[PDB]
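These notes concern the structure reproduced below.
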Amino acid sequence: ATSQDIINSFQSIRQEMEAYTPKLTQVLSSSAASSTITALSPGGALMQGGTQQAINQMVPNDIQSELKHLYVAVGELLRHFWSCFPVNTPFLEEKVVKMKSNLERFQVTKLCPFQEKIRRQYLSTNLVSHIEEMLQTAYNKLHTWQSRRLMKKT
Amino acid sequence: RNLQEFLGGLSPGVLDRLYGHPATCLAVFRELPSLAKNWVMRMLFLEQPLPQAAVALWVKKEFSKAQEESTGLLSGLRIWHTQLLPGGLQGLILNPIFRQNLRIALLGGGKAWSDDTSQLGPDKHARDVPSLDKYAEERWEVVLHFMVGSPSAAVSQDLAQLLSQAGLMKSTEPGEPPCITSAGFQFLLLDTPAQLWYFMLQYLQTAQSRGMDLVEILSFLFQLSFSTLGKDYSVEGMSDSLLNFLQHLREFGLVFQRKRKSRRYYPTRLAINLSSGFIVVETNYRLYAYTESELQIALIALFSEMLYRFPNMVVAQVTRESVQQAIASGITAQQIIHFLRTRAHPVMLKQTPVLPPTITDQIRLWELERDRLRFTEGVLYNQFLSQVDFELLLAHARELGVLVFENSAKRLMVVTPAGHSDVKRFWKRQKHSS
């Protein structure tokens with residue numbers, strides 16, 4: 001990996017562990033144990049007990065039905081897009097562009113009002129973020145494929 | 001009775017003094033439940049108390065009963081104490097002395113439990129582990145034979161008095177040898193580690209008569225429990241009172257010592273087990289024991305019929321008559337089953353359960369035969385002219401706690417002979433008052 005500094009560190013640790021003596025007090029301290037118990041106590045960093053505590057009751061079912069409809073629409077559109085992929089014929093080139101335009105129109109029409117509604121109601125769940133991840137991934141894949149197509153023409 | 005039962009009944013000062021020895025703390029810790037040990041280990045490095053709710057939330061709701069039992073046992077043993085945490089809350093923190101001694105016993109620190117061993121060098125008359133085991137077995141067999149009363153067993157008068165104090169044997173007439181009681185038979189049927197612990201508990205209870213410190217004896221016993229087999233220790237460093245206890249243990253076979261004035265003592269296998277197979281059982285009610293000593297032969301013949309005695313084998317048959325005779329002698333079926341399970345041959349350990357269910361069920365059914373009929377002496381009242389009169393007398397008898405049987409349909413009641421006079425006086429007064 002590195003230069004002879006790795007051998008230097010190996011020699012240093014060998015010398016340090018040549019004269020090794022077990023310790024009793026130095027193993028732990030009261031402050032360290034208290035901090036660890038606080039971390040391991042319920043509601044701590046490792047023991048976060050919320051984990052969408054009332055997600056069944058939060059973001060009420062009226063939003064949930066709209067969220068399911070948006071999920072179904074996004075799934076159908078992405079299924080069409082990925083069925084078009086890979087683009088091996090010039091005919092599918094325009095179909096993918098139309099699919100991207102439809103995706104953008106659907107996003108602007110639905111998600112942006114959905115984002116505004118979430119912001120107004122201040123939902124703690126990032127429902128929009130996951131949907132954006134799929135759309136962002138699709139956009140990145142399309143851009144990469146277009147760049148590769150440009151590379152083949154150079 | 002176990003160690004926890006004895007420790008619970010001790011005063012807080014005695015418990016605090018016991019924790020001053022690192023060996024005692026470890027022995028108490030190993031007797032805790034599995035859940036309690038984890039709590040003790042978690043709180044080992046804590047200098048501040050924790051809320052009771054925080055401790056309670058560690059265990060799930062379904063297992064709250066075990067958590068409550070463990071907390072109650074810890075409170076009874078006074079391992080930790082509730083602390084008045086500021087803000088109205090109750091804080092739980094381990095006893096500082098117990099925690100320090102436990103850390104010393106685990107991490108290290110201070111001096112060794114024993115003074116030294118190489119000061120006198122190697123032992124001139126050192127023995128071997130098989131020799132120590134043989135000596136311990138011979139001493140235990142001698143003690144148990146003296147319980148029976150055979151002339152081949154000769155022990156000290158103090159041991160005989162202690163056995164009499166334990167209730168195992170009674171001396172109706174002075175001079176004549178004592179006779180073993182039914183409790184003696186039950187104790188004989190008990191397992192050897194159980195027998196040792198019961199004897200030690202009796203000794204601790206009666207130690208106040210001899211003016212011996214309970215704390216020192218308990219600490220020394222716990223130190224002996226963790227001692228390494230085959231390694232001797234220095235007698236010096238103990239009070240003269242502890243010397244008598246050590247001599248008594250040597251008489252009991254727990255600890256080997258060549259001479260009373262010797263500075264060395266070798267703990268035996270029995271001493272190590274104080275902290276806490278040869279019988280083959282067949283479905284045809286036959287016991288095959290791989291033993292030669294007369295002690296096991298007598299123990300088996302107590303509740304079975306002997307058939308053959310090969311030089312290294314005993315073939316006996318468990319019959320209904322023999323079990324009935326043994327039960328009439330005072331031994332319960334549960335003790336017999338436990339004894340058979342404890343002495344079970346290693347081959348039988350493969351079977352699940354080790355003892356065949358049919359044999360245990362048959363033994364239990366044979367036990368119930370003797371007590372099929374229930375006998376309760378008393379006086380019967382059946383001359384009630386009115387239903388209301390019967391109810392008042394029945395209520396009065398129940399208040400006196402002398403009622404044995406009642407039948408409201410036929411207005412029949414049975415009272416104890418002791419309470420008959422009181423009920424008769426009450427009935428006479430009621431008629432006079434009417």
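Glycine also receives a Cβ, built like all others from the backbone with ideal geometry; neighbour counts cover every protein chain displayed. Taken together, the values in this text are just the output of simple stated rules run on the coordinates, not laboratory data.
In the Gaussian network model of chain A, springs joining C-alpha atoms below 10 Å, which of A:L77, A:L28, A:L123 carries the largest mean-square fluctuation?
Comparing A:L77, A:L28, A:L123 in the GNM, the peak value goes to A:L28.
Pairs of Cα atoms under 8 Å, at least six residues apart: use those to get the relative contact order of chain A, whole percent.
So the answer I get is 14 percent.
Could you tell me which of rounded, prolate or oblate describes chain A, using a ≥ b ≥ c as the square roots of the eigenvalues of the alpha-carbon gyration tensor, with rounded for a/c under 1.5 and, failing that, prolate when a/b is larger than b/c and oblate otherwise?
Since a/c reaches 1.5 but b/c is at least a/b, the shape of chain A is classed as oblate.
With each label point set 7 Å from Cα along the Cα-Cβ vector, what nm distance links B:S118 and A:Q11?
If labels sit at B:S118 and A:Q11, their model points lie 3.7 nm apart.
Which listed residue (B:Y198, B:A36, B:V415) has the Cα farthest towards the positive end of the charge dipole for the protein assembly as shown, taking +1 on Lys and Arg C-beta and -1 on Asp and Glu C-beta about the Cα centre?
B:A36
Between A:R120 and A:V72, what FRET efficiency follows from the Cβ-Cβ distance if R0 is 25 Å, with the result rounded to 0.05?
FRET efficiency, A:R120 to A:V72: 0.55.
Going Cα to Cα from A:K98, which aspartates and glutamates come in below 18 Å? Please leave out same-chain ones fewer than 8 positions away.
Qualifying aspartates and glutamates at Cα under 18 Å: A:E76.
Assigning unit charges at the beta carbon (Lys, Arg +1; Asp, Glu -1) and nothing else, what dipole magnitude in debye, to the nearest 20, does chain B show about its Cα centre?
Computed about the Cα centre, the dipole is about 580 debye.
Specify the angular offset, from 0 to 90 degrees and rounded to the nearest 10, of the alpha carbon long axis of helix A:127-152 from the longest principal axis of the alpha carbons in chain A.
70
FRET efficiency for B:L392 and B:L89, Cβ-Cβ distance as r, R0 = 41 Å, nearest 0.05?
0.15
Considering Cα pairs under 8 angstrom that are at least six residues apart, work out the relative contact order of region B:100-197 and quote it in whole percent.
Contact order relative to length: 15 percent.
Assuming a ≥ b ≥ c are the square roots of the Cα gyration tensor eigenvalues, decide whether region B:293-368 counts as rounded (a/c under 1.5), prolate (otherwise, with a/b larger than b/c) or oblate.
oblate
Going toward the positive end of the dipole of region B:310-434, with +1 on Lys and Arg Cβ and -1 on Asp and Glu Cβ, which of B:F405, B:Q430, B:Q351 do you reach last?
Result: B:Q430.
Report the residue, chosen from A:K110, A:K23, A:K95, that carries the largest GNM mean-square fluctuation when chain A is represented by alpha-carbon nodes joined by springs under 10 Å.
Comparing A:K110, A:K23, A:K95 in the GNM, the peak value goes to A:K23.
Please name whichever of A:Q121, B:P22, A:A138 sits farthest to the positive end of the charge dipole of the protein assembly as shown, dipole taken about the Cα centre and charges placed at Cβ: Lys and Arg +1, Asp and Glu -1.
Checked the options; the winner is A:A138.
Given a 10 angstrom Cα cut-off, can you work out which residue in A:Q15, A:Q48, A:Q121 is the most mobile in a GNM of chain A?
Between A:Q15, A:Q48, A:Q121, it is A:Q15 that shows the largest mean-square fluctuation.
List the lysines whose Cα lies under 29 Å from the Cα of B:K60, skipping any in the same chain that are fewer than 8 positions away.
B:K37
So, in nm, how far is label B:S64 from label B:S433 when the simple model puts each one 7 Å beyond its Cα toward the Cβ?
Modelled inter-label distance: 4.8 nm.
Round to the nearest 0.05 the FRET efficiency obtained for A:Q136 and B:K111 when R0 = 60 Å and r is the Cβ-Cβ distance.
Approximately 0.30, to the nearest 0.05.
How big is the charge dipole of region B:1-84 about its Cα centre, in debye rounded to the nearest 20, if each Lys and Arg gets +1 on its Cβ and each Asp and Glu gets -1 on its Cβ?
It works out to roughly 120 debye.
Using a 10 Å cut-off around each Cβ, can you sort B:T319, B:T283, A:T21 from fewest to most neighbouring Cβ atoms?
Ranked by crowding around the Cβ, least crowded first: A:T21, B:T283, B:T319.
Can you give me the Cα centroid spacing of region B:187-206 and region B:250-311 in angstrom?
15
Once a ≥ b ≥ c are taken as the square roots of the eigenvalues of the Cα gyration tensor of the protein assembly as shown, is the result rounded (a/c under 1.5), prolate (a/b larger than b/c) or oblate (a/b not larger than b/c)?
Because a/c hits 1.5 or more and a/b exceeds b/c, the protein assembly as shown counts as prolate.
Can you grab the distance from the C-alpha centre of region B:114-133 to the C-alpha centre of region B:145-176, Å, no decimals?
33
Whole angstrom only: what separates the Cα centroid of region B:213-238 from the Cα centroid of region A:107-144?
Region B:213-238 and region A:107-144 have Cα centres spaced 75 Å from each other.
In nm, to one decimal, how far is the A:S65 label point from the B:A154 one, both placed 7 Å along Cα→Cβ?
Output for this residue pair reads 10.3 nm.
Excluding residues fewer than 8 places away in the same chain, name every one of the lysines whose C-alpha is closer than 28 Å to that of B:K124.
Those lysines meeting the cut-off are B:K111, B:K134, B:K231, B:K259, B:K261.
Counting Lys and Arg as +1 and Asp and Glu as -1, each charge on the Cβ, what is the dipole of the protein assembly as shown about the Cα centre in debye, to the nearest 20?
Using only the charged Cβ atoms, the result is roughly 1840 debye.
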